[PDB]
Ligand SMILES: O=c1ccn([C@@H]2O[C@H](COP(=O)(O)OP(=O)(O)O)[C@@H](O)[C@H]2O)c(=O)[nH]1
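Take a look at this single chain in structure tokens; it is the form solved without this ligand.
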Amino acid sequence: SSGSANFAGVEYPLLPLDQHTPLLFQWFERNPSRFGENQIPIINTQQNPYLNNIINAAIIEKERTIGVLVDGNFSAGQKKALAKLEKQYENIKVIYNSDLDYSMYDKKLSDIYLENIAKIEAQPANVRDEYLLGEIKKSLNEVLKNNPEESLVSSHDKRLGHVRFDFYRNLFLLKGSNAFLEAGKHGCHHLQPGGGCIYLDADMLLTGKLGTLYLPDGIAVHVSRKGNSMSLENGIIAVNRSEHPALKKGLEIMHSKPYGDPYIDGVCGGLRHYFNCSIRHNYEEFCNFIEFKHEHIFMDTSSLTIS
């Protein structure tokens, strides 16, 4: 009726993401002291003009709510600078990650390990992952000895680098438009409960309005191409509704896999299971089917050099 896309002998209707589906940027700062005590604690050099890229997207998309999910040990003056950024740009909403309740998506590590110890033991010995079974029992022992209430959220709260960003990115997108309402952001134009969200990496420059997008079952992700290879990525994630069952599938993998990675399993694994991009299927065909394509999204150029 409004479009249709085919992958692995299954039809997926192209579902619309209206022009008021909010945009999401994410800045988790590990050293806020590198910025001045009265500066917006987002990197903004000429190598990484991330704050400028976020503003330019907010300037282009006037009517659309622009979300910025932040985290870190910011000084009081840095939070006022962020508070003033929300004042200069009416559509910019700064959401602190600590203000959101993710407990409904959480699971105890001891629960995951026990399930897998039972699951692997039921497999005959000639097929059991013997190395993994010992590792899980080892992981369970350390949880019971050091932090028996450790959960996916608490364990990921302690990690460093991208794995903790990627973790909360998937969870925010499951909240979707509700996250802005939960965070108490007033006046978000046409923001509806149950609505979707469009995450964009901060090193990408939006040069024109996205308009209305039409994505298979209302989801699409970035597909990066390096050399002669392509790969599913989380640099762009667009969903047309909250709790999108594909992202929910990625979380379900996190709840059943012993050492689930928020990127490999929460995004790539969830997408491949959801659309049946099996090991025997054409990964290249899936990439073209699921790829977020838009003329007005521009890749970072500062990356580049001779060759």
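Each form is matched to the other, and the largest set of C-alpha atoms that superpose within 1.5 Å is called the rigid core. Residue numbers here begin at 1 and follow the sequence given.
Note that the form deposited with this ligand bound isn't included here; everything after this is about it.
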| Contact flag, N6 vs this ligand in the entry with it bound, heavy atom cut 4.5 Å | no
| Is there a heavy atom of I95 no more than 4.5 Å from a heavy atom of this ligand in the entry with it bound? | no
| query | Taking the shortest heavy atom distance, is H162 within 4.5 Å of this ligand in the entry with it bound? | reply | yes
| request: Answer with yes or no whether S302 is in contact with this ligand in the entry with it bound, where contact means some heavy atom within 4.5 Å. | output: yes
| request: Could you spot which one of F180, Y199, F74, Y113 gets a heavy atom to within 4.5 Å of this ligand in the entry with it bound? | output: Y199
| request: Among 126 to 134, 200 to 208, 186 to 194, 104 to 112, mark the stretch whose residues have heavy atoms within 4.5 Å of this ligand in the entry with it bound. | output: 200 to 208
| task | Superpose on the rigid core, then report which one of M104, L160, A125, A76 has a CA displacement of at least 2 angstroms between this form and the one not shown. | result | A125
| said: After core superposition, I'd like to know whether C287 moves between this form and the one not shown (criterion: C-alpha shift of 2 angstroms or more). | reply: no
| query | For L14, is the C-alpha shift between this form and the one not shown 2 Å or more after core superposition? | reply | no
